[PDB]
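Colleague: the amino acid sequence is not available; the structure is as follows:
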Ligand SMILES: O=c1[nH]c(=O)c2nn[nH]c2[nH]1
Ligand SMILES: O=c1[nH]c(=O)c2nn[nH]c2[nH]1
Ligand SMILES: O=c1[nH]c(=O)c2nn[nH]c2[nH]1
Ligand SMILES: O=c1[nH]c(=O)c2nn[nH]c2[nH]1
Ligand code: NA
Ligand code: NA
Ligand code: NA
Ligand code: NA
Ligand SMILES: [Xe]
Ligand SMILES: [Xe]
Ligand SMILES: [Xe]
Ligand SMILES: [Xe]
């Protein structure tokens, strides 16, 4: 037997950082969960019990804290690139670093109409994420994403004209509820290294904001012919607005809300145009994916 | 042996309702999870296999949907009271109904600065809840709550002057992070029945809003001497602003963020006044409770 | 306003302990999660910011580890009693301690048919729990429980003869699937103090084993007329076999498995006597409770 | 823009099936959660709102139930292959089916030392899984796995001789606790189609059993030099015992249990050879992966 692939590291490293403005007194907090896995010339730790090639996972944990102390942690694309570059430069035998970062929301509180200098609220479970792969001699590949953005519209969604055969019971509809949890990922052009990532820093937050804005507006305004058709429209617009993105991927559950026929009870009318009370379904759910690129 | 207490019913009944304004075209959605347990002269279903006394739990589920179709579902204190009253009036042998309702957030989206007529976002996992106990001959007892409101402040929290003995290692502090998930419950004066609950309908939403507002402002503005001291201040203000509340209860975790000493690494300074990077602790946590009433 | 009730402490304290037999070389592990909340003359910490009355929650955490180092941790009823007694005896102003313990399964592995001296498997998510309330001058109240015991039987469950009215759609049945997660609690006679708890130590493990055995046998063998009827039979037998128990409480979900009519597809027969494929329902579920005592 | 990849289908489809032996009266249950995603000539549903190419996800759900009614559901490798083959054969424009199946444990109860004909217990959260990719013209690729197998050993694990630099604080150790949740995957040789999968049916259950047995024995018996070294030994043995497997992959968290220094309290000795009470750490954790193949 032989080792065909191997990677190892530390997962679920929770990190908080505060910035304190000396002048204004305003404080800003960042909280993330970080995972770092390394690859390189480490096969002998598996095959011969040779621990001399292992950077201990505890040391990786230490490095994440030290790196956060010495560098900005925002935007996460930059922090991930700094952290990954560290490992491949510091250790001769380590040739790839894979860094995943989940950013948690701490939104500044408004009290009596003005922003508070040091108080924050978790205003949603929505996350902003990055996956950064730093590979020696091949640059830095970055995928940025948002996830856990849960939306619903109560009308202006249709679903008709689908294939019907002996396996089909679903009725065509011209008015249904549409609800999903949005997972959207944009993949950047390969960067040659840390200098190039630094040159594009302002684009990272701006592109996240654009992706979020396009997602929400398109969902609200599209008279949706299907999940497939609406998600394509979102991805098209994101690629149009940021030339440094190569592909956009959406993965969307279709979270079903079923009509409840109540006619059995005193002829009560609760279906079609009369539908007011619905039963949300926990499972099963549709799952619709697409990756859109440039032609 | 004898049956000392018994209750039974349906849990985890998910309900959605939409209201459609005919004039304006604006739609508003409500989504809840409902649990209803009944008590009464039902002992023989346990002791003698006598099912004739059982309102089937499936029928309770049907009743929740029918009741939601025929009545407003907001404020939840009113809906819960209507639903509980139904069971005790409809069935001679059922003498108590216990209704719990969890309300999920569907907040109207703003698109290009204006509110969308039919699109919504789950803008937080914070819940608004009610527990309603309808007991034949003893009226209606209502506890209203908010939960899952997660906050953090980065300074203006202290903790010093506590008992020190041979079990104490904790250092006194004049500046720490304070973070919690707020669970706050206000218990109303007993109501004689459904007419009295209806007479107070406008107070329910207003009191929820006040409780939320007082919680957030007090947390942001109090230079906190302890969790105990700050939570007392919140409860005091709520009782002062709504005379129909008899007690307020808070249950608050103290979610710890620990300093990380980095001095072992090149004399790096990251503690006390120099602390920038912290390690959030998933467990254990402090848990602090108090019920405040009128003197 | 006035403090009507208050308690505070540490939650989610994870503890592991190992015992190493010097002779045989056999090791045995225990893992628990512990919560301790105290009550007493502590109102001034809430009302006047007087921290001098507070045993810091960090110190409570320290005490749990020290107590586990110096005492046996099994049976959990004994460990909880020792831990609660400590707080009320050590601190003059603390008059009640409330200790909850969840025990996690680490079952010894059999390798090649024999028991391994030091290797363990989490063979189920089933828990054994205790709640111990130690109140100065009023002794020690102990409730022991098992929870998270998930079972299913595929036949020998019936449900017919229930109340039918204009809210009823459910069909009577003489053969259905029955599945539940068992939560069973037995409450001991009040003990005068730690000496009395020590005198009954052998009864604690034996009663847990009996409760488990009666639950499983009754479920497997009863041709069930309803959840209500079967659970009563379980509780009756437990009270009969241990005179030091005053009450038994069961709380049982009815986790539904629905028939799927497939007749629309080529006349396929999948209902009644022909039912083979079912759809498990995640929600809603029945919830059935009963507390049985001595007559 | 252009569609670069697309797949869609139904997730979280819960299925139960019962087999009833007419002679013996013995019943056997199977419960699974199934996900099916399709690929093919479906781009126009995204780009032109052309629903004529869409097999509705509701119809996929129907097909899973029908297929389970007409075919055996065990071993899951066979059921997944039948289900995937159906879609590519039935629909001309669908060219790939991806089927994931999670099998839940329903273990037959022993009552009074003998096996019960119709009663079952969920004896662990451990799962048996399959991923089956059926691609038109390229056969059937099957990855089988077990997951959620949680183990701990209290001694006979070491970790010393690792790289030490200015980022290292971890002390070398010759005796520590080792605990993990095992995720192991074995990938089969490509099969030409359903006839070939049928020819190997007996190997599927036997190989799962072997993989489980090797995992448990190796973990219990290896005086572990590192997670890396022990996991390699497991994978080596599995490949040796089943020639139809091409690769084995393990993904293993290192779930840390930390010593607690209690010397601050009355010189209490709880570290090194005196360590009895430990603090399990919820996070962070090591994460160690390896894919082993044939040389
Ligand atoms: O938008 C949808 N796309 C689909 O593929 C589908 N299948 N059922 N409902 C559906 N809705
Ligand atoms: O506010 C606090 N109250 C307490 O009781 C406590 N114990 N440790 N830290 C603490 N903080
Ligand atoms: O055992 C049962 N008890 C009940 O009260 C009930 N209601 N629906 N199905 C039921 N089954
Ligand atoms: O087995 C281990 N492998 C590792 O890479 C490691 N790092 N810290 N502890 C460890 N244990
Ligand atoms: Na390198
Ligand atoms: Na009544
Ligand atoms: Na005392
Ligand atoms: Na095809
Ligand atoms: Xe969508
Ligand atoms: Xe607080
Ligand atoms: Xe039961
Ligand atoms: Xe391992």
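Modeller: Nice, I can see it. Numbers count the residues shown, from 1 in each chain, chains lettered A, B, ... in the order given. Ligands and ions are numbered 1, 2, ... in the order given.

Colleague: look up how far residue C:138 lies from whatever residue of the stretch 1-150 of chain A ends up closest to ligand 10.
Modeller: Nearest residue of the stretch 1-150 of chain A to ligand 10: residue A:119, at 11.2 Å (Cβ to the nearest ligand atom). All C-beta atoms are positioned from the backbone trio N, CA, C, and that covers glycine. The gap separating residue A:119 from residue C:138 is 43 Å, by Cβ to Cβ, to the nearest Å.

Colleague: for the nearest residue to residue A:115 once chain neighbours are set aside, helix, strand, or coil?
Modeller: Excluding the flanking residues, the one nearest residue A:115 by Cβ to Cβ, 6 or more residues apart in numbering or on different chains is residue A:108, at 5.2 Å. Judged by DSSP: H, G, I helix; E, B strand; the rest coil, the three-state class of residue A:108 is strand.

Colleague: quickly list what residue A:107 is bridged to.
Modeller: residue A:121 (DSSP bridges).

Colleague: okay, and residue A:205 sits in which element?
Modeller: Taking DSSP states H and E as the criterion, residue A:205 maps to helix A:201-221.

Colleague: looking at it, the residue of the stretch 1-150 of chain A closest to ligand 10 is touching residue A:109, isn't it?
Modeller: Yes. Contact criterion Cβ atoms under 8 Å: residue A:119 and residue A:109 qualify, at 4.4 Å.

Colleague: any common contacting residues for these two?
Modeller: Taking Cβ atoms under 8 Å, 6 or more residues apart in numbering or on different chains as the contact rule, the neighbours common to residue A:119 and residue A:109 are B:151, B:220.

Colleague: residue of the stretch 1-150 of chain A nearest ligand 8, please.
Modeller: For the stretch 1-150 of chain A and ligand 8, the shortest gap (Cβ to the ion) falls at residue A:143, measuring 31.6 Å.

Colleague: residue contacts, that residue?
Modeller: A:130-131, A:185-188.

Colleague: the closest residue to residue A:240 other than its chain neighbours: neighbouring residues, count only.
Modeller: Spatially, and ignoring its direct neighbours in sequence, residue A:240 is nearest to residue D:1 (7.8 Å; Cβ to Cβ, 6+ apart). Residue D:1 has 17 neighbouring residues, counting by other Cβ atoms under 10 Å in any protein chain shown.

Colleague: from residue A:291, how far out is residue D:1?
Modeller: For residue D:1, the distance to residue A:291 - Cβ to Cβ - is 11 Å.

Colleague: close to ligand 9, is the very next helix or strand once past the helix holding residue A:205?
Modeller: The helix or strand immediately downstream of helix A:201-221 is helix A:227-241, counting by DSSP H and E. Yes. Using Cβ under 6 Å from any ligand atom, helix A:227-241 reaches ligand 9 at A:227, A:230-231.

Colleague: now those as CSV including neighbour count and distance to ligand 5?
Modeller: Formatted as CSV, the residues of helix A:227-241 next to ligand 9 follow (neighbours: other Cβ atoms under 10 Å in any protein chain shown; distance: Cβ to the ion, whole Å):
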residue, neighbour count, distance to ligand 5
A:227, 24, 44
A:230, 23, 45
A:231, 29, 40
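
Colleague: re earlier: would you quantify the distance from the residue nearest to residue A:240 to residue A:237?
Modeller: Counting by Cβ to Cβ - residue D:1 and residue A:237 are separated by 9 Å.

Colleague: just checking, the residue of the stretch 1-150 of chain A closest to ligand 10 is part of a strand?
Modeller: Yes. Judged by three-state DSSP, residue A:119 forms part of a strand.

Colleague: and the strands in the stretch 51-200 of chain A?
Modeller: A:94-104, A:107-111, A:114-121, A:127-135, A:139-153, A:178-188 (DSSP state E, counting those that start in this stretch).

Colleague: which one, of those, ends up nearest to ligand 7?
Modeller: Nearest to ligand 7, of those and by Cβ to the ion, is strand A:114-121 at 37.8 Å.

Colleague: quick revisit: quick one: which of residue A:119 and residue A:109 has more around it?
Modeller: For residue A:119 versus residue A:109, neighbours defined as other Cβ under 10 Å are more numerous around residue A:119 (25 against 21).

Colleague: residues contacting that one?
Modeller: A:108-109, A:111, B:151-153, B:219-220.

Colleague: show the buried residues in these.
Modeller: A:108-109, B:151-153, B:219-220 (16 or more other Cβ atoms under 10 Å in any protein chain shown).

Colleague: most surrounded residue in the contacts of residue A:143?
Modeller: residue A:130 (25 neighbours).

Colleague: beta partners of that residue?
Modeller: According to DSSP bridges, beta-bridge pairing links residue A:130 with residue A:101, residue A:144.

Colleague: make sure it is actually in contact with residue A:73.
Modeller: No. The pair residue A:130 / residue A:73 is not scored as a contact, 11.5 Å apart, by Cβ under 8 Å.

Colleague: burial check on residue A:23, number of neighbours?
Modeller: 5.

Colleague: check the secondary structure at it for me.
Modeller: Relying on three-state DSSP, one would call residue A:23 coil.

Colleague: that one and ligand 5, how far apart?
Modeller: In this structure, residue A:23 and ligand 5 are 41 Å apart, going by Cβ to the ion, to the nearest Å.

Colleague: quick one: contacts for that residue?
Modeller: Contacts of residue A:23 by Cβ under 8 Å, 6+ apart: none found.

Colleague: residue furthest from the geometric center of chain A?
Modeller: Distance from the centre of chain A peaks at residue A:266, with 48.4 Å (Cα atoms, centre = their mean).

Colleague: is it true that it touches residue C:167?
Modeller: No. Applying Cβ under 8 Å as the test, residue A:266 and residue C:167 come out as separate, 10.4 Å apart.

Colleague: between the two ends of stretch A:159-173, how far is it?
Modeller: 5 Å (Cα to Cα, to the nearest Å).

Colleague: is ligand 8 within reach of it?
Modeller: No. Stretch A:159-173 does not reach ligand 8 (Cβ under 5 Å from the ion); its nearest approach is 13.0 Å.

Colleague: which positions in that stretch come out as buried?
Modeller: For stretch A:159-173, burial by neighbour count (16+ other Cβ under 10 Å) applies to A:159, A:161-162, A:167-168.

Colleague: check whether that stretch comes near ligand 9.
Modeller: No. Contact of stretch A:159-173 with ligand 9 (Cβ under 6 Å from any ligand atom) is absent, the minimum separation being 11.6 Å.

Colleague: residues touching that stretch, excluding its own?
Modeller: Contacts of stretch A:159-173 (Cβ under 8 Å, 6+ apart): A:158, A:174, A:176, A:225-226, C:264-266, D:50-56, D:58-59, D:62-63, D:66, D:91.

Colleague: where's residue A:148 relative to residue A:253, distance?
Modeller: For residue A:148, the distance to residue A:253 - Cβ to Cβ - is 12 Å.

Colleague: that should have said residue A:79, apologies.
Modeller: 30 Å.

Colleague: which one's more surrounded, those two?
Modeller: Neighbour comparison, residue A:79 and residue A:253: the larger count goes to residue A:79, with 26 against 19 (by other Cβ under 10 Å).

Colleague: if I pick that one, what's in contact with it?
Modeller: A:67-68, A:71-73, A:101.
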